[PDB]
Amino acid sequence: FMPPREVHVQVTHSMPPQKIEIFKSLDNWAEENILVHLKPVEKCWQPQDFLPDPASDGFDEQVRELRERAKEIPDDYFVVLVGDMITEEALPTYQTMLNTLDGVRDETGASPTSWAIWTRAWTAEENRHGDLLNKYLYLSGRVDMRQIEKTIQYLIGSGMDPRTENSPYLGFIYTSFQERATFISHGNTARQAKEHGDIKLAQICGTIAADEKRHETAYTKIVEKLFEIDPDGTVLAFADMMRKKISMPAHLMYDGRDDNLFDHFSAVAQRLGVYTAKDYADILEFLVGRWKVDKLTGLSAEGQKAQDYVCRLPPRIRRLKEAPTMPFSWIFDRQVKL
């Protein structure tokens, strides 16, 4: 009963130590440009806002009506909603990821650096996503919570190597990509839930989507200023991640039964138009456009090669009855098209 493993050797500290100083000296900047784009707790939504109220006489009918709606949502949609939720639930791994980065990590757990304050407030926001989807899926009665819970324990145990090699350059680029990806994934589950006949579930997914957009804004902004100060180092970091290919956080997914769980869940998301191969390149092309890689002047020979590699990759990727039915343990081994 062995979960899938990372296939490559692991590399640490790709960035030079006499280069941590840039982020140390960028602390004030991040206060004024990253930490001012944070919502105070008091003004934040909470999972209870979108769930049946257990301290209300209305609780029983609210639960009953949620379950009635859930019957009319097909299995393959629940498969994707479940994969999205499991990913959200591996959150502890992702805060660990952000705290492996050399010049921008929380060194105590309560560090008063602008980088540490951001990391903690971002985590705290992400925690509500899992909580809300978890209790929604629980109440629904449509899915196998034990096998989901088992998948999650495997996932946190396995963790994940995003190949950011302790570099804020690689790591902040990696977060920029992932934030956009979930914003899209969640955005698309919200759009579909409207017509599927269920406004309350559309609210849940879209409220999560709006959070990811704020996270995206802040991470791409950090890399924006990284290109301003260090065009040579940042363009090389960009290419590096694309050369290696962006590996998704939940790719070591395992439920104790299927050896290709992520690939199988991804294909269902692909077929339903939740997150596609086309999406992947659309993010690449948006990020190449957002950081204006084509207009970067005075680079190295090593930097100009990197520049050309990232600029030409988005059209290259885009140039790339059939699928069978397969059982999923998340839905008691009922089957969906892959």
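Rigid core here is just the name for the largest C-alpha set that superposes within 1.5 Å across the two forms. From 1 onward, residues are counted along the sequence shown.
For 200-208 versus 187-195, the mean Cα distance to the shown form in 4 other deposited structures of this protein after rigid core alignment is larger for 187-195.
Using the rigid core as the fitting frame, the root mean square C-alpha deviation in 4 other deposited structures of this protein is greater for 300-308 than for the other of 300-308 and 40-48. Per the record, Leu320 and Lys321 are separated by 4 to 9 deposited residues that have no coordinates. Higher mean CA B-factor, judged across 304-312 and 47-55 from the recorded values: 304-312. In this entry, 190-198 shows the higher mean Cα temperature factor of the pair 93-101 and 190-198. Based on the entry's C-alpha B-factors, the most elevated value among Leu81, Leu170, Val143, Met248 belongs to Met248. Residue-level inspection of the entry shows that, of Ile184, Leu139, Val235, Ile148, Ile184 has the top Cα B-factor. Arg120 sits in the lowest third of its chain by CA B factor, as recorded in the PDB entry. The deposited CA B-factor of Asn33 belongs to the highest third of values across its chain. In the deposited entry, the Cα temperature factor of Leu133 places it in the lowest third of its chain's modelled residues. Looking at the C-alpha B-factors along this chain, the one for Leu66 belongs to the lowest third.
Remark: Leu252 belongs to the middle third of its chain, ranked by C-alpha B-factor as recorded.
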